[PDB]
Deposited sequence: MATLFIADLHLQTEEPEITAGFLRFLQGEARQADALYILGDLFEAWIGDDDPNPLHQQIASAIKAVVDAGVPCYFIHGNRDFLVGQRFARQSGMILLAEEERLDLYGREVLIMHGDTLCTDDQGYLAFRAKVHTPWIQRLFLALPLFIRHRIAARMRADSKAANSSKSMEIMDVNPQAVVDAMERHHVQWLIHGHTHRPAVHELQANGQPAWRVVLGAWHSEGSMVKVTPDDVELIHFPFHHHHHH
C-alpha cells in the first residue's frame, strides 16, 4: 500500500499528536511501499536552522522509515512552505512540487496540499503569492533566528472552490485527487474529463489521525483514534 497523510500541525505544545505520529511511523508506515506527506507537517516553520528539538525528533523518526526501505515524500503546506533542502537531508524525505501526478499500481492520481484550490479566499491567495516569491523568502531567511521568531509571534479555513477542483483534475487528466488543507475528511464524487471522478480529503491530526491507503484494487480514507 501507498500512504498519504497531511495536516499534522506538529508543535511543542501538543506532544500527544507527536506521539501518535511516532506510533504511526514505527508501525503502519514500515509496511508501506511509500509514504507521502501532503503539507502542514508542522504548525509553523521559520527555516531549517531553527534548533527546535521537535524538528530533529521528527526528522530522525522519518529517516528511520526511509532507512527501512520506505521512501517518504513531502509537498509543502501553507504552514510549512519554508521547509528546505537541509530538513530534507536530515529527514531522508524528498521534496516534491505543489502538484504531482503519480502512478499508483497503474492508477493516475493528483496530489497537492489543497490550499491552491481555495480560490474564494483572495486574502489567502495574495498572502501565498507573496510568501512564494523567492526574494521575499530569502530575505526572511537571511534575518537572525531571534527576529524571525518574533515575526512569527506577531502573526498571532475556506473550503475548496468546486470549479478549481474540476480545473485541476482536468489539467492533469486524472480521475483521482488526494489533498488536505481544509481539515474536512471526506470522499467526494464529481465529474472530470467527461467521467466519474473522486477527490479524497485527509483530516487534521487532533483526537484522531487519518490516512489515505492506496492499493492496486482499492482507495480507502481511514481515521484512527490515538488509543494505545
| query | finding |
| --- | --- |
| Stretches with no C-alpha atoms in the model, relative to the deposited sequence starting at 1 | 1, 158-170, 243-246 |
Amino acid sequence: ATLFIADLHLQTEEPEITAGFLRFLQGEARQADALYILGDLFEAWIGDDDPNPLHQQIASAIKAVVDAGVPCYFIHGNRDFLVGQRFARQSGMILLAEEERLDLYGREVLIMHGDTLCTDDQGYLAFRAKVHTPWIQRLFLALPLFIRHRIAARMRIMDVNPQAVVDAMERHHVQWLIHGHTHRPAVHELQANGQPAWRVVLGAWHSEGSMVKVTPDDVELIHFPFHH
From here on, numbers count along this sequence of modelled residues.
{"property": "Other entries lacking residue 156, at least a third", "result": "yes"}
{"property": "Of 70-78 and 133-141, the one with larger mean CA B-factor", "result": "133-141"}
{"property": "Stretch with the greater mean C-alpha B-factor as recorded in the entry, comparing 176-184 against 159-167", "result": "159-167"}
{"property": "Selection from 88, 147, 96, 112 [criterion: highest C-alpha temperature factor in the record]", "result": "147"}
{"property": "Entry-reported Cα temperature factor of residue 192, expressed as the chain third it lands in", "result": "highest"}
{"property": "Modelled-residue ranking by C-alpha temperature factor, third containing residue 210", "result": "lowest"}
{"property": "Residue 126, C-alpha B-factor rank within chain (lowest, middle or highest third)", "result": "highest"}
{"property": "B-factor third for the C-alpha atom of residue 40 within its chain", "result": "lowest"}
{"property": "Entry-reported Cα temperature factor of residue 117, expressed as the chain third it lands in", "result": "middle"}
